[PDB]
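Read the structure below first, then the notes.
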Amino acid sequence: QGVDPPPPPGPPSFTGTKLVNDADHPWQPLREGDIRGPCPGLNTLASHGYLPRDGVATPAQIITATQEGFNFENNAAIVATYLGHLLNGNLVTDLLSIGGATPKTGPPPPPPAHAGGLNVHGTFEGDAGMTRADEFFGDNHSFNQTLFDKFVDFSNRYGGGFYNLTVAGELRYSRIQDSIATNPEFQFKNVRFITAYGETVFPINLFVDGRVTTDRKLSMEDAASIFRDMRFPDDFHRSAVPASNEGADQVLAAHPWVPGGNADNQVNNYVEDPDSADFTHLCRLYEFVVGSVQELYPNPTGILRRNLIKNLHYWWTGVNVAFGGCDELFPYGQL
Ligand SMILES: *[C@@H]1O[C@H](CO)[C@@H](O[C@@H]2O[C@H](CO)[C@@H](O[C@@H]3O[C@H](CO[C@H]4O[C@H](CO[C@H]5O[C@H](CO)[C@@H](O)[C@H](O)[C@@H]5O)[C@@H](O)[C@H](O[C@H]5O[C@H](CO)[C@@H](O)[C@H](O)[C@@H]5O)[C@@H]4O)[C@@H](O)[C@H](O[C@H]4O[C@H](CO)[C@@H](O)[C@H](O)[C@@H]4O)[C@@H]3O)[C@H](O)[C@H]2NC(C)=O)[C@H](O)[C@H]1NC(C)=O
Ligand SMILES: *[C@@H]1O[C@H](CO)[C@@H](O[C@@H]2O[C@H](CO)[C@@H](O[C@@H]3O[C@H](CO[C@H]4O[C@H](CO)[C@@H](O)[C@H](O)[C@@H]4O)[C@@H](O)[C@H](O[C@H]4O[C@H](CO)[C@@H](O)[C@H](O)[C@@H]4O)[C@@H]3O)[C@H](O)[C@H]2NC(C)=O)[C@H](O)[C@H]1NC(C)=O
Ligand code: HEM
Ligand SMILES: CC(=O)/C=C/[C@@H]1C(C)=CCCC1(C)C
Ligand SMILES: CC(=O)/C=C/[C@H]1C(C)=CCCC1(C)C
Ligand SMILES: [Mg+2]
Numbered sequence: 014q015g016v017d018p019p020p021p022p023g024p025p026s027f028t029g030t031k032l033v034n035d036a037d038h039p040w041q042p043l044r045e046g047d048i049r050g051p052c053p054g055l056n057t058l059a060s061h062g063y064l065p066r067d068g069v070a071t072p073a074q075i076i077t078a079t080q081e082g083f084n085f086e087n088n089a090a091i092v093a094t095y096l097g098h099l100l101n102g103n104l105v106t107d108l109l110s111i112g113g114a115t116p117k118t119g120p121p122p123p124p125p126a127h128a129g130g131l132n133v134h135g136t137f138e139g140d141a142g143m144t145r146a147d148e149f150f151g152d153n154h155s156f157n158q159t160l161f162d163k164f165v166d167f168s169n170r171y172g173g174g175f176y177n178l179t180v181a182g183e184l185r186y187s188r189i190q191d192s193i194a195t196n197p198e199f200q201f202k203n204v205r206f207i208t209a210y211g212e213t214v215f216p217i218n219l220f221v222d223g224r225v226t227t228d229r230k231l232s233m234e235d236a237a238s239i240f241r242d243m244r245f246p247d248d249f250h251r252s253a254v255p256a257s258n259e260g261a262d263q264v265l266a267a268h269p270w271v272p273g274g275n276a277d278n279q280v281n282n283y284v285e286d287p288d289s290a291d292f293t294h295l296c297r298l299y300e301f302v303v304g305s306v307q308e309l310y311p312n313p314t315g316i317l318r319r320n321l322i323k324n325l326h327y328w329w330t331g332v333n334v335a336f337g338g339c340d341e342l343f344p345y346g347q348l
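Residue numbers (the entry's author numbering): 14 to 348.
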């Protein structure tokens, strides 16, 4: 009939570096029915047992896992997790697939809600990723070796053979250009415009060993291990401080860009969207998403309504800090 979803965990008691690739969290191969998706972070946590190995977890489990495994900062964890859950999880069972559809998330919600997992395209997951191809080309979740080869190429050209912040700036812009030129459904606005910059610095801030204090840069071996194999480097120690999107601003400034998309189902036809969220108008992202949730859940009642209200509030608690103050919306009133 359903779960009563608890408020998100706070920060971990211990916030320093530590061994995360340890005896209690061994890499193991996929079994039948195990789910993996477009996020190398969650994928690696699932394959080392920080998350359930089947790739289906509660919001609370995702938050604690991203903190324990990578020292992902608490508010950033709350923003990403409840965003993913509101749009893509099952609010009644309190379960989110880190990939595609699975019976493991329980009885489906009323359409047009889906609980289809992080693989679902168009409101959260979107285009111009580093190691995943645009959904237009048929597969938005699998590792793509051609794209990884470009990641290596750009690390060679701009980072001495390593991925660092200079590489991130160049690669991000170049991936946007690829999508403009080849993807007539290319969209780069709202949630995706914001997340696309953060994702490019997560490899630097979270995938580089926390014992590296200076000149933080990711080897291609470590990159392949995580992005392709869902495996922590040997002896991997997490970031020494909670972290998330530090430096994303510099990535944007290296190649200024404006939210938008290819119009009228044509390539090389990128038109700006002045209504989209951007980095000086973050609250629009909050409003946009609450709107999206209303489209998914036009008239909820009972436990679904109750759990929607709670999850929306949980998300707001993170958003309010991360976005620097947003007026809470109450599309379903109060409890
Ligand atoms: C990601 O990874 C990449 C790769 O590892 C990393 O890239 C490094 O980035 C830093 C800076 O961001 C680079 O270091 C800087 O290089 C600047 C450019 O250097 C060239 O030009 C220099 C300036 O020449 C002057 O003088 C000549 C006359 O000789 C004149 O014609 C010119 O007009 C000009 O006025 C020159 O000095 C330099 O040449 C020396 O060094 C090279 C080795 O690269 C050697 O071959 C030469 O023989 C010579 O010894 C070069 O050709 C440079 O301007 C800059 O200088 C500042 O720092 C010094 C040292 O601290 C200060 O004392 C000085 O006041 C300057 O302000 C500096 O050295 C570095 O080279 C990059 N490395 C590579 C491999 O590309 C990114 O940073 C990473 N990203 C992140 C975020 O970490
Ligand atoms: C892994 O991920 C890569 C990258 O996303 C995927 O490969 C891309 O595949 C698409 C579709 O097959 C390719 O797009 C097509 O490009 C053609 C020409 O592009 C040239 O220019 C680029 C540089 O900008 C070169 O890199 C490239 O080699 C080409 O020489 C166009 O002719 C195509 O457009 C036609 O069809 C569309 C669809 O309706 C129309 O809108 C157009 O008007 C037109 O008629 C098309 O866009 C793309 O170039 C590939 N990129 C790379 C880097 O290879 C892989 O599919 C994926 N791998 C696996 C195995 O899944
Ligand atoms: C906390 C909850 C998290 C959620 C819900 C989440 C969700 C997602 C989603 C949906 C994508 C795909 C983006 C797209 O195609 O548009 C993605 C990409 C990514 N995530 Fe996560 N993520 C989370 C945490 C993390 C953590 C902790 C890390 C790093 C340790 C991480 C690193 C990345 C990276 C690097 C990508 C880009 C992959 C690529 O472009 O090749 N994420 N994430
Ligand atoms: C929506 C999302 O996943 C991430 C948002 C970022 C956070 C958490 C803080 C500052 C910059 C951003 C607003 C892009
Ligand atoms: C913090 C920020 O700028 C954006 C972060 C997102 C990205 C990049 C992918 C997974 C996690 C988020 C959904 C928070
Ligand atoms: Mg993507």
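Here a beta-carbon is modelled for each residue, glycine too, at the ideal position from N, C-alpha and C.
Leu298 CB to nearest heavy atom of ligand 4 below 7 Å: Taking the first residue of the sequence shown as 1, we reach residue 298 at position 285. Checking the Cβ of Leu298 against ligand 4 gives yes.
For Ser232 and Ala267, the rounded distance between their alpha carbons: On the sequence shown, residue 267 is found 254 positions in, with the first residue counted as 1. On the sequence shown, residue 232 is found 219 positions in, with the first residue counted as 1. Each residue's Cα considered, the two are about 22 Å apart.
Runs of alpha helix (DSSP H) wholly within the stretch 14-69 (minimum 4 residues, chain order): 53-60
Helix, strand or coil at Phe215 [DSSP, three-state]: Reading the sequence shown from its first residue, position 202 is the one you call residue 215. Looking at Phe215 - three-state DSSP - the assignment turns out to be helix.
Whole beta strand (DSSP E) elements within the stretch 266-307, 3-residue minimum: 273-275 and 283-285
Distance cut-off 7 Å: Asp140 Cβ against heavy atoms of ligand 6: Counting from 1 along the sequence shown, the entry for residue 140 is found at position 127. It does: the Cβ of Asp140 is within 7 Å (strictly closer) of some heavy atom of ligand 6.
Assigned exposure category for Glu45 - 16 Cβ within 10 Å defines buried: One-based indexing of the sequence shown puts residue 45 at position 32. It counts as exposed.
For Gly331, the first and last residue of its enclosing alpha helix (DSSP H): Within the sequence shown, numbered from 1, the residue matching residue 331 stands at position 318. Note, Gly331: alpha helix (DSSP H), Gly315 to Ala335.
Contact between the stretch 52-65 and the stretch 287-298 (3+ Cβ pairs under 8 Å): no
Among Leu43, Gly82 and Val105, nearest to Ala253 - alpha-carbon criterion: For the purposes of this step, residue 253 is taken as residue 240 along the sequence shown, with counting starting at 1. Checked all of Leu43, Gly82 and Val105; the closest Cα to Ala253 is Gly82.
Closer than 7 Å: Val92 CB and nearest ligand 5 heavy atom: Within the sequence shown, the letter at position 79 stands for residue 92. Checking every heavy atom of ligand 5 against the Cβ of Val92, one is found closer than 7 Å.
contact_flag[the stretch 309-325, the stretch 84-99] where n(CB pairs < 8 Å) is 3 or more: yes
Beta bridge counterpart(s) of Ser110 as assigned by DSSP: Indexing the sequence shown from 1 puts residue 110 at position 97. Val69.
The stretch 202-213 touching the stretch 275-292, judged by at least three CB pairs closer than 8 Å: yes
Spatial neighbours of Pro18 in its chain, beta-carbon cut-off 6 Å, leaving aside the 5 residues before and after: Position 5 of the sequence shown holds residue 18. Excluding positions up to five away in sequence, the list reads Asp107, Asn320 and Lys323.
Every unbroken alpha helix (DSSP H) within the stretch 211-266, with a cutoff of 4 residues, ordered by chain: 233-240
Close Cβ partners of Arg188 (< 6 Å) along its chain, the five nearest in sequence each way excluded: For the purposes of this step, residue 188 is taken as residue 175 along the sequence shown, with counting starting at 1. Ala141.
Same chain only: Cβ atoms within 6 Å of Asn132, ignoring 5 sequence neighbours per side: Here residue 132 is taken as the residue at index 119 of the sequence shown, counted from 1. So the list reads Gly50, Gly112, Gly113 and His154, once near-sequence residues are dropped.
Residue(s) in a DSSP beta bridge with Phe167: Counting from 1 along the sequence shown, the entry for residue 167 is found at position 154. Note: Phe167 sits in no beta bridge, so no partner.
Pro25 burial status per 10 Å Cβ neighbour count (16 or more: buried): Taking the sequence shown and counting its residues from 1, the one referred to as residue 25 is at position 12. With fewer than 16 other Cβ atoms within 10 Å, it is exposed.
Validate contact between the stretch 268-280 and the stretch 70-88 using beta carbons, cut 8 Å, 3 pairs: no
Closest residue to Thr79 among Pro22, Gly119, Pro124 and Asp47 (Cα-Cα distance): Locating residue 79 in the sequence shown gives position 66, counting from the first residue. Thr79 has its Cα closest to that of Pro22, out of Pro22, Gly119, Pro124 and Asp47.
Cβ-Cβ separation, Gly135 to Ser110 (assumed contact under 8 Å), whole Å: Here residue 110 is taken as the residue at index 97 of the sequence shown, counted from 1. Here residue 135 is taken as the residue at index 122 of the sequence shown, counted from 1. Not really, about 17 Å apart at Cβ, beyond 8 Å.
Closest by C-alpha distance to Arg251, when choosing among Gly346, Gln279, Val264 and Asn218: Position 238 of the sequence shown holds residue 251. It is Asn218.
Per-residue burial, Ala194 [other beta carbons within 10 Å of its own, 16 or more giving buried]: Start at 1 with the first residue of the sequence shown, and residue 194 comes out as number 181. Exposed, since its Cβ has fewer than 16 Cβ neighbours within 10 Å.
Residue environment, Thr159, which counts as buried when at least 16 other CB atoms sit within 10 Å: In the sequence shown, the residue the question calls residue 159 occupies position 146. Classification for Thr159: exposed.
Through-space distance from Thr330 to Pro313, alpha-carbon basis: Here residue 313 is taken as the residue at index 300 of the sequence shown, counted from 1. Here residue 330 is taken as the residue at index 317 of the sequence shown, counted from 1. The straight-line gap from Cα to Cα measures roughly 22 Å.
Whole-angstrom distance between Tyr95 and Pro72, CA atom to CA atom: Within the sequence shown, residue 72 is the residue found at index 59, counting from 1. Within the sequence shown, residue 95 is the residue found at index 82, counting from 1. If you take the alpha carbons of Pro72 and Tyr95, they lie about 7 Å apart.
Residue range of the unbroken alpha helix (DSSP H) whose run includes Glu183: For this step, residue 183 is matched to residue 170 along the sequence shown. Where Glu183 is concerned, the enclosing alpha helix (DSSP H) stretches over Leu178 to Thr195.
For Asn103, the residue or residues it bridges with in DSSP: The residue given as residue 103 occupies position 90 in the sequence shown. DSSP output for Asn103 lists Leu108 as bridge partner(s).
Best match in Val16, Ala89 and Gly15 for proximity to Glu259 [C-alpha to C-alpha]: Within the sequence shown, the letter at position 246 stands for residue 259. Nearest of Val16, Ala89 and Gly15 to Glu259, Cα basis: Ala89.
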